[PDB]
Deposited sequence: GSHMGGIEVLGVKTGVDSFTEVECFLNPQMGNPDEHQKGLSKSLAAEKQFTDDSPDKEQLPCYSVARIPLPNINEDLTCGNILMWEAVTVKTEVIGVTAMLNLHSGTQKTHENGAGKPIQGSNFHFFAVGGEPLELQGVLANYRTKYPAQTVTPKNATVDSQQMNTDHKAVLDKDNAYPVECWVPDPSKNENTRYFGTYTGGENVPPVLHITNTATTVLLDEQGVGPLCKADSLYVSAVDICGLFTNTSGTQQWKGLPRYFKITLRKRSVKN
């Protein structure tokens, strides 16, 4: 999209709370995955959907701004800044409910281990690339995973292109944002691996991310729609029995937008 210079009614602000999609084994275990399996053979590994955390995504409708989309010059909503926040970090200070003792007489074991904290803001669905730890993994019916996985899907298999158009459908272990695309999206993620990794989570209402690219253009919202994507795997929760399930927390988005002139 060919963009024009900036104007100076011109602004709008939208909010969103996004629930995590860790699996939710039953009604009582929202924010969690099903117990995790281990030591499954590469040739016979069939994870349950509830064992697989998925990307969270919400399409946010923006106020109509064009009467006629055939006009040579139209206005689009341009995402300029975002404040974003992981919600409920203190909840993990509960070391008494269904926890596993660290030692005799001791407090319960805190949530810890591998984590992935990720967010994206774009004027389209996040564009994804497929990469698998095990290409022979038999993925459940209620998930969208890389079609026709091959030996190359554990490295680069360019055929595995997708978009994040469904909430609670695209497994995190299957997809990453595609850096060869996503011109109209800004995304940020950090993966930390290791069963003993301490979660480090910062909260504030003073941190802003500018969404303008190198030419000073933020994501341009197609069809007056804004897309917010998220993953916030905080780590593993350890049951008294020693079983473990992924723990996720909601993510808040506060996007500021401006009206931008574009060629049409």
**Prompt:** Where does the model skip over parts of the deposited sequence?
**Reply:** 1-6, 15-16
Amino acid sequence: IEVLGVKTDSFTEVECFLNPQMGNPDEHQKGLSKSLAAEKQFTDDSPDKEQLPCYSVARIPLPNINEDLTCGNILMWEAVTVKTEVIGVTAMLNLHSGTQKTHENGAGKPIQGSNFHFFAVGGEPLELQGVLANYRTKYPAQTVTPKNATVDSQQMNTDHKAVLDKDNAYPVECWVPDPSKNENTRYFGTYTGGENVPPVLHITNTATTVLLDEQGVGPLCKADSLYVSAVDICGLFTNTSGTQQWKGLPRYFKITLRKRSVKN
From here on, numbers count along this sequence of modelled residues.
**Item:** Given 38-46 and 202-210, the range whose Cα B-factors average higher in the PDB entry
**Value:** 38-46
**Complete:** Averaging the C-alpha temperature factors as deposited, the higher value of 142-150 versus 172-180 falls on 142-150
**Asked** Out of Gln245, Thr256, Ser10, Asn19, which shows the largest CA B-factor listed in the entry?
**Response** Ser10
**Of the residues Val86, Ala133, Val121, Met92, the one carrying the largest Cα B-factor as recorded** = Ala133
**Prompt:** In terms of the chain's CA B-factor thirds, is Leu62 lowest, middle or highest?
**Reply:** highest
**Prompt:** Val82: which third of its chain by C-alpha temperature factor?
**Reply:** lowest
**Fill in**
By the entry's values, the third containing the CA B factor of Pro25 is the middle
**Fill in**
Tertile call for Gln100 (CA temperature factor, within chain, third-based) is the lowest
**Complete:** Among the modelled residues of its chain, the C-alpha B-factor of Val217 falls in the third labelled middle
